[PDB]
Amino acid sequence: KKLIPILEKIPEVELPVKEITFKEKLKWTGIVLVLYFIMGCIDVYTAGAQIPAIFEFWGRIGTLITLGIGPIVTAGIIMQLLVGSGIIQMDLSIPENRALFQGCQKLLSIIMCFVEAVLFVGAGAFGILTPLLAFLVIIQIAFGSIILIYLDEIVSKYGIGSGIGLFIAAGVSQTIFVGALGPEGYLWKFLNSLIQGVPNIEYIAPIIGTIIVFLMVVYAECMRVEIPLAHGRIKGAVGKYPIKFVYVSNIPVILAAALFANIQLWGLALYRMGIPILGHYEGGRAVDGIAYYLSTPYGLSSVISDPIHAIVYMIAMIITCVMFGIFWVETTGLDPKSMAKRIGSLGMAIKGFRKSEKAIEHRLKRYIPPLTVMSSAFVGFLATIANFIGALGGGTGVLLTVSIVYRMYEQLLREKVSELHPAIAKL
């Protein structure tokens, strides 16, 4: 038995078995992309056209998407947590557990949709807690986030890549082009600073920071784990199959940084609305407590003035990553069961040896975890370091973006081709 009733009440998206042309999947995505950007341009209805100049610069918040992917990720965090620590053991295999784990997470996503909404205004994100206007706001806020949930479904079944991934990449990229070249653009603030005759290195600083990060992030994104393959019945050296050593722990790291997101928010929220359980904020963010020790130091320049803070964070992040990584294993992730015959059909057993199902199925179920762990541990490290360096858009985000974007290029390719041989939609 399960929460199937209300779960069956929750809307979904009609997936056509019809012809969805490349040109269409594209044009569709495009429509989503914009409605997004557009929402980010529109402010939430609130007489208090004031969000303390304090949170004003705080990424988003004040727009129709003040919550953004925030809830969606939170939810995913919980599930990975339960269905992760065995707390609620489930063997997805059957379409039951699969659609159960999913359908369920979705619902929670909406729960969290509102919870976060309230949690945001309750954290004093706007300033004027007019019980009436406060309610009104919450509405719009969490309802916009909802449109994303659905706009995601759309892309996820009518376009390319993914909503979330897009939205993320979309965000970061905008944040850059605007931050550096927009109205109050930074490249200008610097060039002008140069004309004014008082060369301000702090105006070009962040722009560099990014470049470096990008250059860096990409390098790592290139590394791969090549696994030589046994001839498909033939004879001699053949395959060399590569795996995206970094993109393995993508969704994972998104979940880690996401967790620290719900802490700083839940700390300040459960601060100016109760007891300082997590930490003493003051001044907007946290200056003490768990919250403090778990706050990313980036923005403009790297803060050396707190060595300990750094170390903790890094280690803190690292371990959180390994975690969701593993919790990405017990669940969905790379499942050898399938990898079994998929690799068997071609009859391409690894380069080592064993051209059998249970055979490769095993060498696979083995190699996996160390990989999954290694990868993440690294990523999370990188990301964290990419934050010390600090870059426009968000060191970490810039990372996700680079991956997301490239995995998106790949997607565009696998598509340009499947747009010829109407069959090989599994090779």
# chains A, B, ... in the order shown; residues from 1 in each chain; ligands from 1

$ residues_around --residues "segment 344-356 of chain A" --least-positions-apart "6" --cutoff "6 Å" --atoms "only C-alpha atoms" --output "ChimeraX atom specification"
/A:228-232

$ residues_around --residues "residue 154 of chain A" --least-positions-apart "4" --cutoff "7 Å" --atoms "only C-alpha atoms" --output "number ranges by chain"
A: 13, 150, 158

$ write_last_selection --atoms "N, CA and C atoms" --output "short mmCIF file (atom, residue, chain, number, x, y, z; two decimals), in the first residue's frame"
data_model
loop_
_atom_site.label_atom_id
_atom_site.label_comp_id
_atom_site.auth_asym_id
_atom_site.auth_seq_id
_atom_site.Cartn_x
_atom_site.Cartn_y
_atom_site.Cartn_z
N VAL A 13 2.64 14.74 -17.46
CA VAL A 13 2.71 15.24 -18.81
C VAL A 13 2.45 14.16 -19.86
N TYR A 150 6.91 21.64 -13.50
CA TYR A 150 6.22 21.25 -14.72
C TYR A 150 6.98 21.56 -16.00
N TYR A 158 9.79 16.49 -24.13
CA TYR A 158 9.42 17.18 -25.35
C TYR A 158 10.63 17.91 -25.91
#

$ closest_residue --among "A:207, A:151, A:119, A:44" --to "residue 177 of chain A" --atoms "only C-alpha atoms"
A:207

$ residues_around --residues "residue 169 of chain A" --least-positions-apart "4" --cutoff "8 Å" --atoms "only C-alpha atoms" --output "PyMOL selection string"
chain A and resi 165+173+397-398+400-402+404-405

$ write_last_selection --atoms "N, CA and C atoms" --output "PDB file, in the first residue's frame"
ATOM      1  N   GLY A 165      19.105  20.665 -15.002  1.00  0.00           N
ATOM      2  CA  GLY A 165      20.400  20.904 -15.631  1.00  0.00           C
ATOM      3  C   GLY A 165      20.435  22.176 -16.472  1.00  0.00           C
ATOM      4  N   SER A 173      25.176  30.859 -16.626  1.00  0.00           N
ATOM      5  CA  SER A 173      25.604  31.550 -17.829  1.00  0.00           C
ATOM      6  C   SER A 173      25.070  32.972 -17.861  1.00  0.00           C
ATOM      7  N   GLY A 397      28.825  26.245  -9.237  1.00  0.00           N
ATOM      8  CA  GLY A 397      27.843  26.319 -10.299  1.00  0.00           C
ATOM      9  C   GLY A 397      28.517  26.305 -11.650  1.00  0.00           C
ATOM     10  N   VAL A 398      29.585  27.097 -11.790  1.00  0.00           N
ATOM     11  CA  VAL A 398      30.316  27.152 -13.037  1.00  0.00           C
ATOM     12  C   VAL A 398      30.695  25.727 -13.418  1.00  0.00           C
ATOM     13  N   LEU A 400      29.154  22.602 -12.431  1.00  0.00           N
ATOM     14  CA  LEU A 400      27.923  21.979 -12.938  1.00  0.00           C
ATOM     15  C   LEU A 400      27.600  22.450 -14.375  1.00  0.00           C
ATOM     16  N   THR A 401      27.568  23.772 -14.556  1.00  0.00           N
ATOM     17  CA  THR A 401      27.303  24.371 -15.875  1.00  0.00           C
ATOM     18  C   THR A 401      28.148  23.813 -17.037  1.00  0.00           C
ATOM     19  N   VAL A 402      29.468  23.801 -16.855  1.00  0.00           N
ATOM     20  CA  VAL A 402      30.396  23.251 -17.839  1.00  0.00           C
ATOM     21  C   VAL A 402      30.025  21.816 -18.185  1.00  0.00           C
ATOM     22  N   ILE A 404      27.015  20.082 -17.383  1.00  0.00           N
ATOM     23  CA  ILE A 404      25.663  20.186 -17.936  1.00  0.00           C
ATOM     24  C   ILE A 404      25.647  20.637 -19.392  1.00  0.00           C
ATOM     25  N   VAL A 405      26.332  21.724 -19.662  1.00  0.00           N
ATOM     26  CA  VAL A 405      26.406  22.234 -21.005  1.00  0.00           C
ATOM     27  C   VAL A 405      27.001  21.225 -21.946  1.00  0.00           C
TER      28      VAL A 405
END

$ residues_around --residues "residue 278 of chain A" --least-positions-apart "2" --cutoff "8 Å" --atoms "only C-alpha atoms" --output "MDAnalysis selection string"
chainID A and resid 267 270 276 280 289:291

$ write_last_selection --atoms "N, CA, C and O atoms" --output "compact mmCIF listing (two decimals), in the first residue's frame"
# COMPACT_ATOMS: atom_id res chain seq x y z
N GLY A 267 18.98 27.55 9.10
CA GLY A 267 19.61 28.05 10.31
C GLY A 267 19.15 29.46 10.59
O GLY A 267 18.75 29.79 11.69
N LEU A 270 15.41 29.19 11.24
CA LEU A 270 15.23 28.78 12.63
C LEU A 270 16.18 29.54 13.55
O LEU A 270 16.82 28.96 14.44
N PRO A 276 18.68 29.56 18.39
CA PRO A 276 19.88 29.38 17.56
C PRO A 276 20.42 27.95 17.57
O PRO A 276 21.56 27.72 17.98
N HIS A 280 24.42 31.42 15.06
CA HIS A 280 24.07 32.83 15.27
C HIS A 280 24.44 33.54 13.98
O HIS A 280 25.63 33.65 13.65
N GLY A 289 28.43 29.01 14.65
CA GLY A 289 27.66 27.78 14.65
C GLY A 289 27.94 26.86 13.47
O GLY A 289 28.80 27.15 12.63
N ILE A 290 27.22 25.74 13.41
CA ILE A 290 27.36 24.78 12.32
C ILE A 290 27.26 25.53 11.01
O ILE A 290 28.06 25.34 10.10
N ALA A 291 26.26 26.40 10.92
CA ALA A 291 26.02 27.22 9.75
C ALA A 291 27.34 27.86 9.31
O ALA A 291 27.78 27.68 8.18

$ closest_atom_pairs --of "segment 80-152 of chain A" --to "segment 52-68 of chain A" --cutoff "12 Å" --atoms "only C-alpha atoms" --output "Markdown table"
| residue | atom | partner | partner_atom | distance |
| --- | --- | --- | --- | --- |
| A:109 | CA | A:68 | CA | 11.8 |
| A:110 | CA | A:67 | CA | 11.9 |
| A:112 | CA | A:67 | CA | 10.3 |
| A:113 | CA | A:67 | CA | 8.0 |
| A:114 | CA | A:67 | CA | 9.5 |
| A:115 | CA | A:67 | CA | 10.5 |
| A:116 | CA | A:67 | CA | 7.3 |
| A:117 | CA | A:67 | CA | 6.8 |
| A:118 | CA | A:67 | CA | 10.4 |
| A:119 | CA | A:67 | CA | 10.2 |
| A:120 | CA | A:67 | CA | 8.1 |
| A:121 | CA | A:61 | CA | 10.3 |
| A:123 | CA | A:55 | CA | 11.2 |
| A:124 | CA | A:52 | CA | 9.5 |
| A:125 | CA | A:55 | CA | 7.0 |
| A:126 | CA | A:52 | CA | 7.0 |
| A:127 | CA | A:52 | CA | 6.6 |
| A:128 | CA | A:52 | CA | 9.8 |
| A:137 | CA | A:64 | CA | 9.7 |
| A:138 | CA | A:67 | CA | 10.0 |
| A:139 | CA | A:64 | CA | 10.4 |
| A:140 | CA | A:64 | CA | 6.9 |
| A:141 | CA | A:64 | CA | 5.9 |
| A:142 | CA | A:67 | CA | 6.8 |
| A:143 | CA | A:64 | CA | 8.5 |
| A:144 | CA | A:65 | CA | 5.5 |
| A:145 | CA | A:68 | CA | 5.4 |
| A:146 | CA | A:68 | CA | 8.9 |
| A:147 | CA | A:65 | CA | 9.1 |
| A:148 | CA | A:68 | CA | 7.4 |
| A:149 | CA | A:68 | CA | 9.3 |
| A:151 | CA | A:68 | CA | 11.8 |
| A:152 | CA | A:68 | CA | 11.6 |

$ write_last_selection --atoms "C-alpha atoms" --output "compact mmCIF listing (two decimals), in the first residue's frame"
# COMPACT_ATOMS: atom_id res chain seq x y z
CA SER A 109 8.95 18.25 -4.18
CA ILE A 110 5.63 20.17 -3.97
CA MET A 112 8.99 21.30 0.00
CA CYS A 113 7.83 23.76 -2.66
CA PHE A 114 5.60 25.47 -0.08
CA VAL A 115 7.75 24.69 2.98
CA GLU A 116 10.71 26.49 1.39
CA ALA A 117 8.35 29.35 0.35
CA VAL A 118 7.26 29.88 3.93
CA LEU A 119 10.77 29.13 5.18
CA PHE A 120 12.07 31.92 2.92
CA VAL A 121 9.76 34.72 4.09
CA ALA A 123 13.82 33.66 7.23
CA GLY A 124 13.04 37.32 6.59
CA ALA A 125 13.97 37.28 2.92
CA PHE A 126 11.77 40.28 2.21
CA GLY A 127 11.57 42.26 5.44
CA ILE A 128 7.87 43.10 5.93
CA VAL A 137 3.87 36.26 -1.35
CA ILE A 138 4.45 32.65 -0.24
CA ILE A 139 1.66 31.74 -2.70
CA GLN A 140 3.24 33.23 -5.82
CA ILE A 141 6.73 32.12 -4.81
CA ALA A 142 6.12 28.41 -4.33
CA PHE A 143 3.69 28.46 -7.34
CA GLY A 144 6.41 29.73 -9.63
CA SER A 145 8.72 27.01 -8.44
CA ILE A 146 5.84 24.73 -9.38
CA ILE A 147 5.87 25.97 -12.97
CA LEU A 148 9.51 24.91 -13.06
CA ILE A 149 8.64 21.45 -11.80
CA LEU A 151 8.43 23.07 -17.22
CA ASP A 152 10.98 20.43 -16.32

$ residues_around --residues "residue 107 of chain A" --least-positions-apart "4" --cutoff "8 Å" --atoms "only C-alpha atoms" --output "NGL selection string"
:A and (7 or 10 or 103 or 111)

$ closest_residue --among "A:88, A:385, A:93, A:106" --to "residue 8 of chain A" --atoms "only C-alpha atoms"
A:106

$ select_by_dssp --residues "segment 81-325 of chain A" --states "strand (DSSP E or B)" --output "number ranges by chain"
A: 225-226, 229-230, 237, 242-243

$ write_last_selection --atoms "C-alpha atoms" --output "mmCIF file, in the first residue's frame"
data_model
loop_
_atom_site.group_PDB
_atom_site.id
_atom_site.type_symbol
_atom_site.label_atom_id
_atom_site.label_comp_id
_atom_site.auth_asym_id
_atom_site.auth_seq_id
_atom_site.Cartn_x
_atom_site.Cartn_y
_atom_site.Cartn_z
ATOM 1 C CA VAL A 225 38.420 6.222 -17.302
ATOM 2 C CA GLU A 226 39.098 4.161 -20.394
ATOM 3 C CA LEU A 229 36.854 -4.030 -24.528
ATOM 4 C CA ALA A 230 36.958 -7.593 -25.790
ATOM 5 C CA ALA A 237 42.722 -5.420 -29.462
ATOM 6 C CA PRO A 242 35.609 5.806 -21.724
ATOM 7 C CA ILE A 243 33.524 6.917 -18.742
#

$ atom_distance --atom1 "atom CA of residue 164 of chain A" --atom2 "atom CA of residue 245 of chain A"
21.1 Å

$ residues_around --residues "segment 78-85 of chain A" --least-positions-apart "2" --cutoff "9 Å" --atoms "only C-alpha atoms" --output "PyMOL selection string"
chain A and resi 73-76+87-90+101+104-105+108+324+326-331
